[PDB]
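Asks:
There are 4 protein chains.
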Amino acid sequence: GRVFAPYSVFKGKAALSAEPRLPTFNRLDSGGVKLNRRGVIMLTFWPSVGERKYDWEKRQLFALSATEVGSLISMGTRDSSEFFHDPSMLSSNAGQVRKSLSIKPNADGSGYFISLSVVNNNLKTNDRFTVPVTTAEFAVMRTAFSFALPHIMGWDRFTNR
Amino acid sequence: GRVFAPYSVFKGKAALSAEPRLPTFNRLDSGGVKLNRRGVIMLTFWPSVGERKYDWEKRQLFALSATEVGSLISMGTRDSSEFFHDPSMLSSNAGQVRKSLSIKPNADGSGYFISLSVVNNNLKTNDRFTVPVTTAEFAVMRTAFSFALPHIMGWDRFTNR
Amino acid sequence: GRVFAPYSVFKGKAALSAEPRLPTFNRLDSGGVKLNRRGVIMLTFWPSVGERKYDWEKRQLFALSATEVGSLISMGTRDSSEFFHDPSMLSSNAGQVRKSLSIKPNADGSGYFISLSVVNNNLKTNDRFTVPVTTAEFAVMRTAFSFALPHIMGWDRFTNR
Amino acid sequence: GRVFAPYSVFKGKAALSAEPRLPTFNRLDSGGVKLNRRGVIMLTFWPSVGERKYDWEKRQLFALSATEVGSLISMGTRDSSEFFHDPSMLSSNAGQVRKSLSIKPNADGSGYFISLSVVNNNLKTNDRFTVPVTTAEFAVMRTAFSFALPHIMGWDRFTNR
DNA sequence: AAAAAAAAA
DNA sequence: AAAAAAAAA
DNA sequence: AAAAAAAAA
DNA sequence: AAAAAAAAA
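Chains as they are written, first to last, in the numbering used here: chain A, 2 to 162; chain B, 2 to 162; chain C, 2 to 162; chain D, 2 to 162.
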């Protein structure tokens, strides 16, 4: 069944959570197994209400694909990347919701700012959660993501006994 | 049985697929186990027919050995490597078919071009599939290959319980 | 049950031991599993009495969290980090005991000094164990810690079969 | 039982083989498990007799400890390391046999020379096998050794389920 | 709740 | 066949 | 369908 | 014996 062991970062204005969603497989009728829906690294952002307390119900999600992960783990100190996602893509509700994840170095080079933006043209809202991430914390993600990458790709199945 | 979870890259003129083929073992009569045929990282190239559609039947293969993998994961941004293979080697049909895989950085340093060339003197054909690969994508291969390397070498068997 | 395979470094004035403490989980009533208490990399320091012999009973501990680990594995040759811990935190006995772990490069760049300081205002004691660590040894920790990081985070549970 | 999957390099004058020997454990009477004898990365050198053929019976061994491994995987392009071993150490036959492993970059920086020297004062012999190693091959060892390091340390036992 | 799609045993 | 030793549940 | 070979318990 | 806490299925 499910497993809940997210790496989390709690800061002044918002919280960040990251955990792997494994790929789904389909047992073929040839006997073997085929990778079906792809795994990701899910990112959850949510706001801090009141004093050191976080409103879990106003949360927004961002699914990192294998390639977006590779883009992140290969980031240099002075590098920055930005990903743009439409949840309801190739679907009926396209163009309506627009997510954009940005990773930028801060002035000091003492880390990055990781912010999620969500623009919903249906509900007429504009949300933005930003979380500062230190070098040590981003080292955690880098390493944890690297480790997780083969698994979300399904490559952990290629095992000798 | 078999497992199908290839990392794939689909571009304008062709598609690239990479997946590990595990080594085969032979149970000795001493009780232990001996590595027999070696594992590789198989690369499959195939052409794009019509509009965003790929002719799976005109595909060519290239098997990366452990050492060729190590050559790839240790490539710098400005580096390039070229591998040359004869499928029917030390065999009757040698010199007939000639494969050459090249990995070159593009001008921008924004990635590499990965091309497969196949020259068949029997069928009198000359094929060449090239796929551009971004930094993020090549980061995926680098990481996925690194992870896979111990497995195709059989070293995943050396495990404490 | 428990497992005892610490990486150890024995030097002139003191000994250093490092081993992973895995996270604890709670099986939810939803069926799945939830990470409970977090894993760490435990560091044990203890003094050398007499000639090449070490007083196991005067030992002090320091628990590295995931983020402190990431801080360590991302250290450059010329880098240094210092962690400050209060064992009895958010508790009744706070402010009483104070631990500080320092990792500093030595002049030669031939490694680091890893020292633990413990100031106990209850028992009125002031302890300090320092252990020199070569590049090769610190390479061992770096690698061993990197490997261990996903496990103490609970991410080794995200596995395809 | 035993497992035989060595990474091997065959060159003009000699052959090199590398494979992990796992640590031995002792089940305590407390229930848990304790690491006993330490694992290593065994290196086997042997001479080439005649034309492309190798005299398996004149082979010499060198056991890499965890720390020696860390020294090797942290080697730069222009770096070189030398290890010195006495097989019959803290024993009756000490000082008699003397092994020295050297890893040096070649002029081109196109790899290293890995040579084993064995001086036996009992049998009055002086042996020396050298094997050139390319960047790609040394990348294989680096990666394969890194992967193996946690295992020979016993850290592969710290696993969540 | 999650950006999807292209080959195929 | 292998460089070993130091604490300890 | 795949570049192979060299030692050996 | 260990620096803890914040959401939640």
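Even for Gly, the Cβ is constructed at its ideal location relative to N, Cα and C.
Kindly list the residues whose CB is nearer than 7 Å to the CB of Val41(D), restricted to its own chain and excluding five residues on each side of it in sequence; keep chain order.
Replies: Taken in chain order, the residues that qualify are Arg22, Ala64, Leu65, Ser66 and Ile153.
Asks: Would you kindly report the start and end of the unbroken beta strand (DSSP E) that includes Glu52(D)?
Replies: That residue, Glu52(D), is in no beta strand (DSSP E); it is neither H nor E in DSSP.
Asks: Interface residues of chain B around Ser147(A) at Cβ under 8 Å?
Replies: Chain B residues near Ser147(A): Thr144.
Asks: Going along chain B, which residues have a C-beta under 9 Å from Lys105(A)?
Replies: Those do not exist, as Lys105(A) stays about 17 Å from chain B at its closest Cβ, beyond 9 Å.
Asks: Could you say which of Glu20(D), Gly2(D), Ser18(D) and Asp109(D) lies nearest to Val34(B) if we only look at CA atoms?
Replies: Nearest option by C-alpha distance: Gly2(D).
Asks: Determine, for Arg3(A), whether the minimum Cβ-Cβ distance to residues of chain C falls below 8 Å.
Replies: Closer than 8 Å: yes.
Asks: Can you tell me whether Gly2(A) is helix, strand or coil according to DSSP?
Replies: Coil, per DSSP.
Asks: Since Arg28(C) meets chain D, which of its residues come closer than 7 Å, beta carbon to beta carbon?
Replies: Here the premise fails: no neighbours, minimum Cβ distance about 11 Å.
Asks: Which first and last residues belong to the alpha helix (DSSP H) in which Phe146(C) is found?
Replies: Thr136 to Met154 is the extent of the alpha helix (DSSP H) around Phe146(C).
Asks: Keeping to the same chain, check which residues put their C-beta closer than 6 Å to that of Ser72(A); ignore five residues upstream and five downstream.
Replies: Taken in chain order, the residues that qualify are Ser82.
Asks: Where does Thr45(A) fall in DSSP's three states?
Replies: Reduced to three states, the DSSP call for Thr45(A) is strand.
Asks: May I have the straight-line CA-CA distance separating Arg143(B) from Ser147(D), to the nearest angstrom?
Replies: For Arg143(B) and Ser147(D), the distance between alpha carbons rounds to 15 Å.
Asks: Per DSSP, what are the beta-bridge partners of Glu83(C) in this structure?
Replies: According to DSSP, which records beta bridges pairwise, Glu83(C) is partnered with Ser103(C).
Asks: Rounded to whole angstroms, what's the CA-CA distance from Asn27(C) to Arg158(C)? Just pull it up for me.
Replies: If you take the alpha carbons of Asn27(C) and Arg158(C), they lie about 13 Å apart.
Asks: Alpha carbons only, please: which of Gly77(D), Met90(D), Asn122(D) and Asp128(D) is nearest the one belonging to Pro106(D)?
Replies: Considering only alpha carbons, the answer is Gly77(D).
Asks: Please state whether the Cβ-Cβ distance between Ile115(B) and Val134(B) is less than 8 Å.
Replies: Yes, the Cβ-Cβ distance between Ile115(B) and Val134(B) is below 8 Å.
Asks: In this structure, how does DSSP classify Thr68(C) when only helix, strand and coil are distinguished?
Replies: Helix, per DSSP.
Asks: Measuring straight from C-alpha to C-alpha, what distance separates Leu29(A) and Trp47(B)?
Replies: C-alpha separation (whole angstroms): 23 Å.
Asks: So the candidates are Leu124(A), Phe85(A), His86(A) and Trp156(A); which of them puts its Cα closest to the Cα of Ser9(B)?
Replies: When each option's Cα is compared against that of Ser9(B), the closest is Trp156(A).
Asks: What does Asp128(A) pair with, by DSSP beta-bridge criteria?
Replies: Its beta-bridge partners are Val119(A).
Asks: Can you tell which of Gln97(A), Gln61(A) and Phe5(A) has its C-alpha closest to the C-alpha of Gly32(C)?
Replies: Of the listed residues, the one whose Cα sits closest to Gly32(C) is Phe5(A).
Asks: Checking contacts by CB at 8 Å: is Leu124(B) closer than that to chain A?
Replies: So, not an interface residue.
Asks: So, for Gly13(C): in the same chain, excluding its five sequence neighbours on each side, which residues have a beta-carbon less than 6 Å away from its beta-carbon?
Replies: Taken in chain order, the list of residues that qualify is empty.
Asks: For a contact meaning CB atoms closer than 7 Å, what does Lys35(C) contact in chain A?
Replies: Correct list: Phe5.
Asks: So which residues on chain C does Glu138(A) lean against when the C-beta distance must stay under 7 Å?
Replies: Under the 7 Å cutoff, chain C gives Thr68 and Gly71.
Asks: Exposed or buried, what is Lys100(A) when buried is set at 16 or more other beta-carbons lying within 10 Å of its beta-carbon?
Replies: Buried: at least 16 other Cβ atoms inside 10 Å.
Asks: I believe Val98(A) touches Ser92(A) by the beta-carbon criterion, under 8 Å. Please report the beta-carbon distance rounded to the nearest angstrom.
Replies: Not a contact, Cβ separation roughly 10 Å.
Asks: In chain D, which residues lie with their C-beta within 7 Å of the C-beta of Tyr55(C)?
Replies: The premise fails here: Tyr55(C) is roughly 17 Å from chain D at the closest Cβ pair, so nothing lies under 7 Å.
Asks: If you pair each beta-carbon of the segment 112-132 of chain C with each one of the segment 46-61 of chain C, do three or more pairs fall below 8 Å?
Replies: Yes, the segment 112-132 of chain C touches the segment 46-61 of chain C.
Asks: Please report whether the beta-carbon of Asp157(B) lies at a distance below 8 Å from any beta-carbon of chain A.
Replies: Cβ-Cβ to chain A under 8 Å: yes for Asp157(B).
Asks: Can you check DSSP and say which residues form a bridge with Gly112(B)?
Replies: Looking at the DSSP assignment, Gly112(B) forms a beta bridge with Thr135(B).
Asks: Can you say whether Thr25(A) is buried or exposed, counting buried as having 16 or more other CB atoms within 10 angstroms of its CB?
Replies: Looking at its Cβ environment, which holds fewer than 16 other Cβ atoms inside 10 Å, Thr25(A) is exposed.
Asks: Could you give the first and the last residue of the continuous beta strand (DSSP E) run that contains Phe26(C)?
Replies: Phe26 to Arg28 is the extent of the beta strand (DSSP E) around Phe26(C).
Asks: Could you compute how far the alpha carbon of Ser111(B) sits from the alpha carbon of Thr136(B)?
Replies: Roughly 6 Å between the two C-alpha positions.
Asks: Using the beta-carbon count (16 or more within 10 Å), is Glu138(D) buried or exposed?
Replies: The residue is buried, with at least 16 neighbouring Cβ atoms inside 10 Å.
Asks: Below 7 Å, is the gap between the Cβ of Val41(A) and the nearest heavy atom of the ligand ATP?
Replies: Among the ligands in the structure shown, none appear at all, so the ligand ATP cannot be discussed.
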